[PDB]
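Enquirer: Following this message is one structure expressed as structure tokens.
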Amino acid sequence: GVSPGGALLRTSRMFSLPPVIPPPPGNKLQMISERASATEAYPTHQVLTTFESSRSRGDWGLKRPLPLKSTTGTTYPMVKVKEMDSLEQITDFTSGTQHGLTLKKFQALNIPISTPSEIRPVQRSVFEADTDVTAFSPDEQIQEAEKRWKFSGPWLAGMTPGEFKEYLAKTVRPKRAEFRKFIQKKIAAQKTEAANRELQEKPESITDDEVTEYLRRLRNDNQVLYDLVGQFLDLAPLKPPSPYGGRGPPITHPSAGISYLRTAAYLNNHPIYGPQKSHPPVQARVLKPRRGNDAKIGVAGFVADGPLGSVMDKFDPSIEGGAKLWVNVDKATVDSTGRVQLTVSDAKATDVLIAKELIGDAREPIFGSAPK
Amino acid sequence: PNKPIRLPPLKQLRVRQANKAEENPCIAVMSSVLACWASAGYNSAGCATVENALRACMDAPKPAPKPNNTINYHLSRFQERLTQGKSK
Amino acid sequence: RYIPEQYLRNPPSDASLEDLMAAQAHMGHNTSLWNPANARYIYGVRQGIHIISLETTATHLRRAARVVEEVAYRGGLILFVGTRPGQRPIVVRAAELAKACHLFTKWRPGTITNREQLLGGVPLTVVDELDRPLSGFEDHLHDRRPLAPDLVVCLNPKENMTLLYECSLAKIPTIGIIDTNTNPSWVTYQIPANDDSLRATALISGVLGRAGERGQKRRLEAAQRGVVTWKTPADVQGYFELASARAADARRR
Amino acid sequence: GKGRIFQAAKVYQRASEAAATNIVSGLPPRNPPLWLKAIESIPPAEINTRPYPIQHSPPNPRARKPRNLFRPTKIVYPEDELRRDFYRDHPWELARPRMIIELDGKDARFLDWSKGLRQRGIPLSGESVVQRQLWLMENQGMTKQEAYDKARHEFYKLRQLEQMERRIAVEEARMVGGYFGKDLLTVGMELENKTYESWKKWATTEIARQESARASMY
Amino acid sequence: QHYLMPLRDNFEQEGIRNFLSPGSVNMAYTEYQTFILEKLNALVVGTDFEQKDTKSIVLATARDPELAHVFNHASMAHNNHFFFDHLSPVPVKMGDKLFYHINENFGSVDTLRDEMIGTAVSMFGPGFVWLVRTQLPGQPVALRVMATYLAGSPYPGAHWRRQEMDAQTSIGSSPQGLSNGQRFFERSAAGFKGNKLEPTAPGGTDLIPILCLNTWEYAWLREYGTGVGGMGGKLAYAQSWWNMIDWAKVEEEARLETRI
Amino acid sequence: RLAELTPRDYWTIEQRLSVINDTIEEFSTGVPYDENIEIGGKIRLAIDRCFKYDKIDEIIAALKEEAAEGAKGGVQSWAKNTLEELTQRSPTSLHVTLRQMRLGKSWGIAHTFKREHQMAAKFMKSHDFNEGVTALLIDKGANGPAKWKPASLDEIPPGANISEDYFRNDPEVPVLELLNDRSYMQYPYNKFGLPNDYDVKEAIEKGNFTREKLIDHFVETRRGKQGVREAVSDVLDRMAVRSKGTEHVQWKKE
RNA sequence: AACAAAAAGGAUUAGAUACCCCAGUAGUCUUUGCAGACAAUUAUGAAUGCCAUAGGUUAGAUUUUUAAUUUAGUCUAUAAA
Ligand SMILES: [K+]
Ligand SMILES: [K+]
Ligand SMILES: [Mg+2]
Ligand SMILES: [Mg+2]
Ligand SMILES: [Mg+2]
Ligand SMILES: [Mg+2]
Ligand SMILES: [Mg+2]
Ligand SMILES: [Mg+2]
Ligand SMILES: [Mg+2]
């Protein structure tokens with residue numbers, strides 16, 4: 001019954017703009033700044049592009065054409081729109097290269113994302129048919145639920161004392177009746193197990209008496225109870241009797257849609273030298289030197305801890321442009337908060353020399369001149 | 001804490017002192033000279049370097065005025081859009 | 001299937017829903033900065049702005065296009081008014097097609113109600129069925145008062161309301177692009193659409209330009225067959241009466 | 001009343017009457033304006049008549065004294081819920097630029113989601129996943145999660161090959177004497193140098209400022 | 001979207017009588033160009049190149065490494081159709097002006113014949129062999145032969161991806177190895193830093209590809225076979241191709257300055 | 001919008017219709033982009049080659065040829081399907097129906113209704129009508145297919161004309177008395193629809209248009225009526241020959 | 001305790017009851033009554049039905065609680081009037 005004009009808008013490109021997702025979650029009790037805000041952990045608005053011809057006119061498929069002062073001249077045309085029409089009759093926009101190019105930088109490292117491992121390194125891919133699964137069935141047993149990553153219930157350890165009370169009085173309290181039915185289904189199957197077995201050599205599931213007594217038998221073994229309660233509220237397992245239980249489930253996909261590579265078990269064949277041992281190094285910056293009990297380094301837009309090891313010790317104003325060292329990214333993963341934590345590992349000497357050779361800035365060429 | 005209010009309809013949105021008011025520098029230098037005279041004394045020896053600094057300013061040429069800050073022009077543009085409107 | 005300067009090199013005769021939606025002719029203003037009066041064209045609310053119904057735009061656009069055609073078919077003087085940074089090429093092109101007058105700057109208040117002073121020195125001429133000068137009206141082009149547009153086609157009624165008021169004050173029909181926050185009672189024929197878009201304005205103006213062009217064509221085709229689709233205006237008509245009076249004296253005297 | 005009495009809707013009525021008779025009683029009325037006959041049979045449309053707007057969602061049946069009856073309603077589709085879910089699971093999918101500038105508007109004519117994610121005219125993005133998800137959920141009678149899993153997994157495989165081509169493309173190109181320009185990584189670091197040096201200057205100045213400002217405390 | 005277009009003289013339905021059967025031309029152009037374009041469309045389905053022509057994509061999408069994979073499909077589609085727009089249903093007689101100039105740069109029509117053919121087999125890889133017209137500010141128009149590995153653009157605006165030398169066997173420890181090695185790095189270092197090794201006139205008019213020869217496997221692996229026994233094979237494919245060159249059209253693109 | 005229209009009392013009936021026609025075209029959303037003319041091209045040509053005779057026997061005989069495999073027309077599927085439906089209806093109605101199609105082309109609108117009354121009055125006494133209606137709508141298709149008094153057209157011998165009987169008004173049924181006396185031979189204003197063959201023909205006999213210049217003539221006269229370009233193109237694909245190249249276009253009939 | 005009409009002193013001033021100053025009693029406060037006047041004001045009696053929006057704000061409610069709907073108040077700026 002939709003009108004033809006209303007049927008075109010449903011599939012229009014503008015109507016496809018995703019809603020502004022909540023910002024990257026941070027500690028609920030901090031002193032965040034209000035007037036000034038730095039770049040976020042992950043993007044929140046959709047980045048836009050246009051044709052080189054339509055950009056010279058300021059046409060971005062928006063309400064009105066954007067100004068040419070800050071929208072033309074750059075190589076990569078990227079822009080974010082906070083409001084298509086604000087109270088000032090202007091499209092409140094801003095450059096989107098902060099996050100747009102950071103994705104391109106990270107995708108130039110050629111590194112997959114793997115599930116974190118407690119401290120024999122085992123980098124298991126995130127995109128697998130055994131772990132990456134959201135759909136389920138009620139009949140499924142508790143064990144497979146650990147594999148999942150998208151739980152409907154909240155994380156108890158993460159919730160604040162106020163949020164916890166609200167959850168109890170608005171999600172758990174008005175569920176006793178339904179929970180009683182859930183037990184009946186379990187008790188029903190229990191009666192069928194003995195019958196089926198003896199028959200080799202289900203009931204209507206309506207017994208309000210066994211249920212009450214069934215819960216009094218589990219008061220001495222709280223473990224099996226929580227195991228059952230976690231299935232009715234879809235809570236992330238917390239006790240070892242494990243995966244991502246230290247910081248809780250990932251609010252997003254374990255890869256967070258930043259890289260879709262499954263493994264890095266490849267050897268880039270170099271033209272002259274041949275198949276190299278490790279991956280090409282990457283130059284990074286130095287932020288917050290040791291002399292804060294750790295050093296921060298900027299590896300392709302992201303901030304990660306320095307390798308476990310001058311340069312990191314003290315700051316040096318004389319160095320122009322700042323201290324820049326080469327380094328190899330070993331492992332990358334997404335924490336519960338959504339940040340992209342990189343296991344930056346010190347690079348080798350030959351790798352840097354080989355990689356600089358193509359750039360043409362290598363002081364001494366390994367090819368030919370090198371006698372030994 | 002509440003957020004900044006939406007200004008009522010004003011005749012003209014502007015700032016009185018568009019450009020900062022520059023304070024005569026050595027008026028402070030004179031204060032130091034006067035201070036030393038109070039503590040040390042008028043016909044003393046430690047006041048030489050301070051008194052000589054006061055003579056240095058008057059001889060030195062005054063700086064040139066800064067370029068006007070065009071802030072009232074942009075405020076007049078977005079007045080009707082930022083506030084409730086204009087009144088007359 | 002899309003060139004930026006396609007609405008100028010070859011504007012379309014009629015604009016379909018796709019063309020109007022592709023030109024952002026439905027992006028209304030913010031929900032807060034709306035005019036409840038023109039809630040008859042709004043379709044819904046998305047992205048915090050009012051969505052103008054695509055069908056409502058096409059219907060009013062075709063209607064206005066018919067108005068421009070007839071007025072040009074009856075020898076009317078049309079005026080295309082677009083006063084914005086990037087609307088100069090759009091208005092000039094539309095005028096060429098419809099053989100009309102353009103205006104891409106701040107309309108001087110009092111050019112219709114006080115035309116005697118403003119448009120005093122601008123020269124005029126006298127044409128005929130086939131739009132060619134008629135020698136013999138030299139004395140009439142000095143006592144004649146300036147002209148007024150028989151139809152104004154505004155592309156930003158919200159900005160310039162002094163022009164549209166003189167049109168209603170001087171009994172002149174008008175056409176305008178009414179946005180979500182523009183009063184629809186300022187113009188005679190509304191065209192609910194997005195006026196802040198330089199791509200929709202080029203489309204709407206192109207369609208109206210073709211209308212005038214098609215109208216002018218019919219008029220000239222009917223003039224070559226000895227069928228004039230317009231009679232002498234009242235002003236010039238009076239001169240003929242005076243001409244015979246002065247000529248009558250020569251006959252007797 | 002800051003407004004003015006507009007009569008743009010009555011230009012024909014007023015003009016038609018003024019041209020009915022002559023001001024000099026006892027003479028034939030002069031010819032009317034040239035536009036009077038052009039819009040004779042085209043009366044203006046009705047304006048300023050608040051109708052019942054289109055209801056895009058069931059109105060609250062419990063409200064006994066409803067307000068805002070003449071207010072346009074919000075447009076919500078079933079996709080909105082799905083788009084929010086997906087893009088929250090893949091926040092870095094928003095860094096992939098997406099053009100919302102329609103070319104001709106005829107982009108929904110060749111979209112058949114029964115084939116797969118890849119379609120004609122639209123790029124592989126979260127939207128294709130949602131539309132594909134919605135299709136499976138409706139036609140194939142799948143659940144929200146089930147349809148989400150299937151379509152989502154196809155999205156991954158298509159993105160993996162895309163990233164593999166880039167690496168293999170540049171690598172293979174150099175095997176036959178192919179050289180490229182400055183990669184994005186190197187360029188990014190260069191710009192930081194120019195910006196970091198500017199910060200050093202400002203820091204040095206303000207540092208010296210405080211030192212000179214500390215001499216006055218004593 | 002980029003869509004396949006017809007061939008010059010209805011070769012899709014009939015094909016060249018003595019060079020390629022209709023079936024071979026079908027699999028070579030209609031069933032391959034379509035595949036390449038299908039991939040190309042998916043790559044530029046939502047970028048600035050959604051409406052750009054193949055050549056514009058080639059030149060524009062050349063230096064940037066991140067878009068290397070787009071260059072291949074775009075360039076391949078261009079070169080492929082560039083190779084079919086120079087054949088003819090019947091052999092054409094070489095133009096006089098062209099015939100003369102050829103001898104002045106290669107010595108004879110047969111000298112150039114065996115050079116291009118010889119270069120093909122020498123490559124032992126899929127590539128395109130061109131016939132380029134070189135010109136400099138004061139130097140007269142001079143022709144030369146160029147070999148492009150896999151997808152290689154002969155134009156000077158795509159020098160980054162010229163791919164004229166296989167680094168595998170052309171860079172060793174011998175005297176030639178070191179020489180080739182230096183050039184390889186000299187180009188990379190120059191290109192990376194933005195320096196220009198060889199000045200080129202604006203508009204890329206120094207080099208104008210006149211004729212081409214597709215040596216890819218799919219083109220000839222069917223009609224001429226594997227080539228075991230020398231009967232047919234890649235060699236014969238190049239030979240037969242030399243008889244269908246539309247020398248008339250070749251002369252037109254040459255645009256030789258009147259000097260006779 | 002139709003309510004806003006206020007015509008003048010001195011406007012001719014033609015003017016009033018013109019205003020509405022132009023107003024109804026303001027709400028046109030455009031014909032579908034994929035749906036093609038169903039009865040057009042081949043199928044349309046087949047209809048003119050099998051529905052020009054005055055006897056059902058000849059008509060069905062022609063369809064059988066088209067249905068027979070290898071027919072030049074290429075409408076075999078349509079032809080076969082059509083026959084299946086023609087052999088499932090009352091044979092009496094077919095003869096009677098076709099009879100008035102040839103006689104109704106010369107009657108007036110007023111005379112038509114008067115004859116149809118007497119014509120329909122004899123159908124109430126007929127057996128087919130009382131049987132078909134009862135066996136279809138009333139029974140809701142129960143008891144299987146209806147049973148016409150003549151089982152099939154084959155039963156009706158060639159030399160027998162059953163059509164004539166109905167076309168004889170009886171004195172028992174009084175002549176229909178209409179509410180007025182207005183009448184005519186052809187519709188006064190039936191030109192609002194898409195151009196048909198009559199319009200395209202007239203245009204060619206009064207002009208020197210080309211294959212592409214003729215389409216623009218109709219698109220201009222109707223000023224963008226949806227489907228004019230497609231309709232006119234179809235007419236020029238069935239009854240238009242390239243007699244003098246692109247210079248002129250003539251009809252195939254000649 | 002403090003403040004402070006009155007009474008009184010010191011100044012100012014042409015004169016100074018005054019304004020200013022040193023001090024100072026009723027009174028202000030507590031309990032029980034009288035008294036009933038106020039710019040006791042929103043210069044707008046109380047109450048009911050009804051009329052288009054926007055930006056804040058107060059106490060709640062609902063929700064995909066991020067941010068939007070919504071009930072009852074309050075205050076700015078407007079449309080029709
Ligand atoms: K006193
Ligand atoms: K309020
Ligand atoms: Mg606007
Ligand atoms: Mg006191
Ligand atoms: Mg009392
Ligand atoms: Mg009081
Ligand atoms: Mg009272
Ligand atoms: Mg209050
Ligand atoms: Mg007020």
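Labels for the structure tokens follow display order: chains A, B, ..., residues from 1 in each chain, ligands from 1.
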If DSSP is run on the backbone, what residues of chain B are alpha helix (DSSP H)? A reply as a ChimeraX atom specification would be ideal.

Expert: /B:26-39,48-59,72-77,79-82

Enquirer: Go ahead and save the picked residues with N, CA, C and O atoms, as a tab-separated table (two decimals), in the first residue's frame.

Expert:
```
chain	number	residue	atom	x	y	z
B	26	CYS	N	56.25	50.02	30.13
B	26	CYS	CA	57.13	50.47	31.20
B	26	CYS	C	56.39	51.12	32.36
B	26	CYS	O	57.04	51.51	33.34
B	27	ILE	N	55.07	51.26	32.28
B	27	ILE	CA	54.31	51.64	33.47
B	27	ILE	C	54.56	50.65	34.60
B	27	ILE	O	54.58	51.03	35.78
B	28	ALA	N	54.77	49.38	34.26
B	28	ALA	CA	55.21	48.41	35.25
B	28	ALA	C	56.66	48.63	35.63
B	28	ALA	O	57.02	48.56	36.81
B	29	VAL	N	57.52	48.89	34.64
B	29	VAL	CA	58.92	49.18	34.93
B	29	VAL	C	59.03	50.34	35.91
B	29	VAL	O	59.89	50.33	36.80
B	30	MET	N	58.17	51.35	35.76
B	30	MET	CA	58.17	52.45	36.72
B	30	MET	C	57.81	51.96	38.11
B	30	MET	O	58.37	52.43	39.11
B	31	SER	N	56.87	51.02	38.20
B	31	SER	CA	56.49	50.48	39.50
B	31	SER	C	57.70	49.88	40.21
B	31	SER	O	57.89	50.10	41.42
B	32	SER	N	58.53	49.13	39.48
B	32	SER	CA	59.74	48.57	40.08
B	32	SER	C	60.66	49.67	40.57
B	32	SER	O	61.21	49.59	41.67
B	33	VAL	N	60.86	50.71	39.75
B	33	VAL	CA	61.70	51.83	40.16
B	33	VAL	C	61.19	52.42	41.47
B	33	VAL	O	61.95	52.63	42.42
B	34	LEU	N	59.89	52.70	41.53
B	34	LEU	CA	59.30	53.24	42.75
B	34	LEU	C	59.49	52.27	43.92
B	34	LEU	O	59.77	52.70	45.04
B	35	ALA	N	59.34	50.97	43.66
B	35	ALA	CA	59.48	49.99	44.73
B	35	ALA	C	60.89	50.02	45.31
B	35	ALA	O	61.08	50.04	46.53
B	36	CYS	N	61.91	50.02	44.44
B	36	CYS	CA	63.29	50.03	44.92
B	36	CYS	C	63.57	51.28	45.74
B	36	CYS	O	64.23	51.21	46.78
B	37	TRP	N	63.09	52.44	45.28
B	37	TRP	CA	63.27	53.67	46.04
B	37	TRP	C	62.69	53.54	47.44
B	37	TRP	O	63.27	54.04	48.41
B	38	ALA	N	61.54	52.87	47.56
B	38	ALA	CA	60.91	52.72	48.87
B	38	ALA	C	61.78	51.90	49.81
B	38	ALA	O	62.03	52.29	50.95
B	39	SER	N	62.25	50.74	49.34
B	39	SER	CA	63.04	49.86	50.19
B	39	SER	C	64.49	50.32	50.26
B	39	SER	O	65.00	50.63	51.34
B	48	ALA	N	70.44	51.75	40.09
B	48	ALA	CA	70.99	52.15	38.80
B	48	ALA	C	70.41	51.29	37.68
B	48	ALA	O	69.86	51.81	36.70
B	49	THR	N	70.54	49.97	37.80
B	49	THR	CA	70.04	49.08	36.76
B	49	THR	C	68.54	49.25	36.56
B	49	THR	O	68.05	49.11	35.43
B	50	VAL	N	67.81	49.54	37.63
B	50	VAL	CA	66.37	49.71	37.51
B	50	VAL	C	66.03	51.06	36.90
B	50	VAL	O	65.16	51.16	36.02
B	51	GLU	N	66.71	52.12	37.34
B	51	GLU	CA	66.46	53.44	36.77
B	51	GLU	C	66.85	53.49	35.30
B	51	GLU	O	66.16	54.11	34.49
B	52	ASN	N	67.96	52.84	34.94
B	52	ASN	CA	68.39	52.82	33.55
B	52	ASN	C	67.38	52.10	32.67
B	52	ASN	O	67.23	52.44	31.49
B	53	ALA	N	66.68	51.11	33.22
B	53	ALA	CA	65.67	50.40	32.45
B	53	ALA	C	64.48	51.30	32.14
B	53	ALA	O	63.85	51.15	31.09
B	54	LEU	N	64.15	52.23	33.04
B	54	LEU	CA	63.05	53.14	32.79
B	54	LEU	C	63.39	54.12	31.67
B	54	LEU	O	62.55	54.43	30.82
B	55	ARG	N	64.63	54.61	31.65
B	55	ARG	CA	65.06	55.48	30.56
B	55	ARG	C	65.10	54.75	29.23
B	55	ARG	O	64.99	55.39	28.18
B	56	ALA	N	65.27	53.42	29.26
B	56	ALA	CA	65.35	52.66	28.02
B	56	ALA	C	64.02	52.61	27.29
B	56	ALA	O	63.99	52.57	26.05
B	57	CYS	N	62.90	52.61	28.02
B	57	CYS	CA	61.60	52.46	27.38
B	57	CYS	C	61.22	53.73	26.62
B	57	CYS	O	60.82	53.67	25.45
B	58	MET	N	61.33	54.88	27.28
B	58	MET	CA	60.95	56.14	26.65
B	58	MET	C	61.73	56.37	25.36
B	58	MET	O	61.19	56.87	24.37
B	59	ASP	N	63.01	56.00	25.36
B	59	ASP	CA	63.81	56.13	24.14
B	59	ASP	C	63.33	55.15	23.07
B	59	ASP	O	63.27	55.51	21.89
B	72	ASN	N	33.13	40.83	14.95
B	72	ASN	CA	31.78	41.39	14.99
B	72	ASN	C	31.04	41.17	13.68
B	72	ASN	O	29.81	41.10	13.66
B	73	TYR	N	31.78	41.06	12.57
B	73	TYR	CA	31.14	40.81	11.29
B	73	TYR	C	30.52	39.42	11.24
B	73	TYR	O	29.38	39.26	10.79
B	74	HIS	N	31.25	38.42	11.71
B	74	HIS	CA	30.73	37.05	11.68
B	74	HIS	C	29.62	36.86	12.70
B	74	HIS	O	28.69	36.09	12.45
B	75	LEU	N	29.69	37.56	13.83
B	75	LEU	CA	28.61	37.47	14.81
B	75	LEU	C	27.32	38.04	14.25
B	75	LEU	O	26.23	37.54	14.53
B	76	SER	N	27.42	39.11	13.45
B	76	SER	CA	26.23	39.69	12.84
B	76	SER	C	25.63	38.75	11.81
B	76	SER	O	24.41	38.77	11.60
B	77	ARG	N	26.45	37.94	11.15
B	77	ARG	CA	25.94	37.00	10.16
B	77	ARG	C	25.07	35.94	10.81
B	77	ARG	O	23.95	35.67	10.35
B	79	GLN	N	23.71	35.92	13.79
B	79	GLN	CA	22.90	36.38	14.90
B	79	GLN	C	21.51	35.75	14.86
B	79	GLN	O	21.07	35.11	15.82
B	80	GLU	N	20.80	35.93	13.74
B	80	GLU	CA	19.45	35.41	13.62
B	80	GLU	C	19.41	33.90	13.72
B	80	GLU	O	18.37	33.34	14.09
B	81	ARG	N	20.51	33.22	13.40
B	81	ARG	CA	20.56	31.77	13.46
B	81	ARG	C	20.93	31.25	14.83
B	81	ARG	O	20.45	30.18	15.23
B	82	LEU	N	21.77	31.98	15.57
B	82	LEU	CA	22.20	31.52	16.88
B	82	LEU	C	21.16	31.86	17.94
B	82	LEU	O	20.78	31.00	18.75
```

Enquirer: Within 10 Å of ligand 5, counting only C-alpha atoms (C1' of nucleotides) and all ligand atoms, which protein or nucleic acid residues do you find, written as a list in words?

Expert: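 Counting only what the definition allows, namely only C-alpha atoms (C1' of nucleotides) and all ligand atoms, the set is residues 33, 34, 35 and 36 of chain G.
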
Enquirer: Could you save those same residues with N, CA and C atoms (P, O5', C5', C4', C3', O3' and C1' of nucleotides) as a PDB file, in the first residue's frame?

Expert:
```
ATOM      1  P     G G  33      -4.550  32.533  72.900  1.00  0.00           P
ATOM      2  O5'   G G  33      -5.364  33.846  73.277  1.00  0.00           O
ATOM      3  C5'   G G  33      -5.777  34.757  72.272  1.00  0.00           C
ATOM      4  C4'   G G  33      -6.107  36.105  72.857  1.00  0.00           C
ATOM      5  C3'   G G  33      -6.461  37.192  71.857  1.00  0.00           C
ATOM      6  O3'   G G  33      -7.801  37.118  71.406  1.00  0.00           O
ATOM      7  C1'   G G  33      -4.873  38.030  73.377  1.00  0.00           C
ATOM      8  P     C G  34      -8.161  37.470  69.881  1.00  0.00           P
ATOM      9  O5'   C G  34      -8.107  39.059  69.829  1.00  0.00           O
ATOM     10  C5'   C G  34      -8.956  39.830  70.664  1.00  0.00           C
ATOM     11  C4'   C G  34      -8.490  41.258  70.788  1.00  0.00           C
ATOM     12  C3'   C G  34      -8.470  42.070  69.504  1.00  0.00           C
ATOM     13  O3'   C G  34      -9.743  42.578  69.151  1.00  0.00           O
ATOM     14  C1'   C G  34      -6.447  42.399  70.677  1.00  0.00           C
ATOM     15  P     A G  35     -10.308  42.380  67.660  1.00  0.00           P
ATOM     16  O5'   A G  35      -9.427  43.367  66.775  1.00  0.00           O
ATOM     17  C5'   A G  35      -9.368  44.755  67.066  1.00  0.00           C
ATOM     18  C4'   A G  35      -8.147  45.388  66.452  1.00  0.00           C
ATOM     19  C3'   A G  35      -8.005  45.222  64.947  1.00  0.00           C
ATOM     20  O3'   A G  35      -8.723  46.204  64.220  1.00  0.00           O
ATOM     21  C1'   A G  35      -5.960  44.670  66.012  1.00  0.00           C
ATOM     22  P     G G  36     -10.037  45.818  63.381  1.00  0.00           P
ATOM     23  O5'   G G  36      -9.480  45.538  61.918  1.00  0.00           O
ATOM     24  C5'   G G  36      -8.617  46.467  61.272  1.00  0.00           C
ATOM     25  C4'   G G  36      -7.803  45.793  60.199  1.00  0.00           C
ATOM     26  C3'   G G  36      -8.619  45.131  59.092  1.00  0.00           C
ATOM     27  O3'   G G  36      -7.923  45.207  57.849  1.00  0.00           O
ATOM     28  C1'   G G  36      -7.359  43.488  60.231  1.00  0.00           C
TER      29        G G  36
END
```

Enquirer: With only C-alpha atoms (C1' of nucleotides) and all ligand atoms counted, collect every polymer residue having an atom within 10 Å of ligand 9; state the result as a PDB file with N, CA and C atoms (P, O5', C5', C4', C3', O3' and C1' of nucleotides), in the first residue's frame.

Expert:
```pdb
ATOM      1  P     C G  75       5.499  31.582  35.094  1.00  0.00           P
ATOM      2  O5'   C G  75       6.763  31.726  34.136  1.00  0.00           O
ATOM      3  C5'   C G  75       8.033  32.045  34.678  1.00  0.00           C
ATOM      4  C4'   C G  75       9.106  32.112  33.620  1.00  0.00           C
ATOM      5  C3'   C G  75       8.759  32.871  32.356  1.00  0.00           C
ATOM      6  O3'   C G  75       8.827  34.274  32.518  1.00  0.00           O
ATOM      7  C1'   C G  75       9.879  30.866  31.796  1.00  0.00           C
ATOM      8  P     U G  76       8.651  35.231  31.244  1.00  0.00           P
ATOM      9  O5'   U G  76      10.041  35.103  30.485  1.00  0.00           O
ATOM     10  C5'   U G  76      10.238  35.758  29.246  1.00  0.00           C
ATOM     11  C4'   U G  76      11.316  35.100  28.426  1.00  0.00           C
ATOM     12  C3'   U G  76      11.209  35.305  26.925  1.00  0.00           C
ATOM     13  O3'   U G  76      11.720  36.554  26.503  1.00  0.00           O
ATOM     14  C1'   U G  76      11.593  33.023  27.371  1.00  0.00           C
ATOM     15  P     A G  77      10.792  37.558  25.663  1.00  0.00           P
ATOM     16  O5'   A G  77      10.782  36.920  24.206  1.00  0.00           O
ATOM     17  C5'   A G  77      12.001  36.660  23.532  1.00  0.00           C
ATOM     18  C4'   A G  77      11.784  35.928  22.233  1.00  0.00           C
ATOM     19  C3'   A G  77      10.554  36.318  21.437  1.00  0.00           C
ATOM     20  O3'   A G  77      10.718  37.524  20.716  1.00  0.00           O
ATOM     21  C1'   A G  77      10.746  33.966  21.491  1.00  0.00           C
ATOM     22  P     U G  78       9.465  38.166  19.948  1.00  0.00           P
ATOM     23  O5'   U G  78       9.102  37.075  18.848  1.00  0.00           O
ATOM     24  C5'   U G  78       7.794  36.986  18.311  1.00  0.00           C
ATOM     25  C4'   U G  78       7.642  35.773  17.432  1.00  0.00           C
ATOM     26  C3'   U G  78       6.305  35.616  16.728  1.00  0.00           C
ATOM     27  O3'   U G  78       6.186  36.418  15.569  1.00  0.00           O
ATOM     28  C1'   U G  78       6.923  33.558  17.694  1.00  0.00           C
TER      29        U G  78
END
```

Enquirer: Counting only C-alpha atoms, which residue out of B:84, B:20, B:60, B:8 sits closest to chain C?

Expert: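 Among the listed residues, the smallest separation from chain C belongs to B:84.
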
Enquirer: Can you tell me, as a PyMOL selection string, what residues are no more than 7 Å from range 117-132 of chain A when counting only C-alpha atoms (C1' of nucleotides), ignoring any on the same chain fewer than 3 positions away?

Expert: chain A and resi 113-114+147-148+254-255+262-263
